[PDB]
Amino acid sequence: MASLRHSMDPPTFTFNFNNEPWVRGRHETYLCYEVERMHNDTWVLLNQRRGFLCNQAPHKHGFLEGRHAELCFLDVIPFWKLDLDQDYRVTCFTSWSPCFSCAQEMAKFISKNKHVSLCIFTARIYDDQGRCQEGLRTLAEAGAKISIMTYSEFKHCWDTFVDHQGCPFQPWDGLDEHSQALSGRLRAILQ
């Protein structure tokens, strides 16, 4: 089934998406997603399909060894029952970028599922035991568009996924400087 969570508490967002590069207790990955369908050269938002999730930590009555957020995300796609005659764009906003094995699985998914275009915006690059450059390039090579979250993307996710009650997205200290540094890093990685 495909009814994932729609809204998070403001502190859940702020803690997890703050783009200072340090782990600082951010052991989870949050992944927010939206789906659009192509119609007359325009991307049409399918608002009922949106949601967010996080990784499942190791639990006796869950996954004994945990399940990364990216794999949980891939697991939900078949339950959407997408119309294979249509074209879709799936945008995911991630608090950390994928580990290499997840990037590999995501790349395999998009290679095989050519009705789907994937766009990823990440708040931070997870170093991934020195493999992050390889994981990001593997995703890009399979056709994913990879970008760094900047102010506009953080604001968009706040507006869309947070129970903000009309309060504005209020940037944490250093947001622009962290986004600019990370964007410079990603530009180098992708070339």
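In case it trips you up, residue 1 is the first one in the sequence shown, and so on.
Peer 1: Mean C-alpha B factor from the entry: is it higher for 112-120 or for 94-102?
Peer 2: Higher mean C-alpha B-factor: 112-120.
Peer 1: Which is higher on mean Cα B factor in this entry, 49-57 or 30-38?
Peer 2: Mean C-alpha B-factor is greater for 49-57.
Peer 1: Highest Cα temperature factor in the entry, among the options 25, 174, 10, 21: which one is it?
Peer 2: Of the candidates given, the C-alpha B-factor peaks at 174.
Peer 1: Which is it among 69, 136, 157, 64: the one with the largest CA B-factor in the entry?
Peer 2: Comparing C-alpha B-factors across 69, 136, 157, 64, the top value belongs to 64.
Peer 1: Would the CA B-factor of residue 142 place it in the lowest, middle or highest third of its chain?
Peer 2: For residue 142, the deposited C-alpha B-factor lands in the highest third.
Peer 1: Ranked by Cα temperature factor within the chain, is residue 132 in the lowest third, the middle third or the highest third?
Peer 2: According to the entry, residue 132 has a C-alpha B-factor in the chain's highest third.
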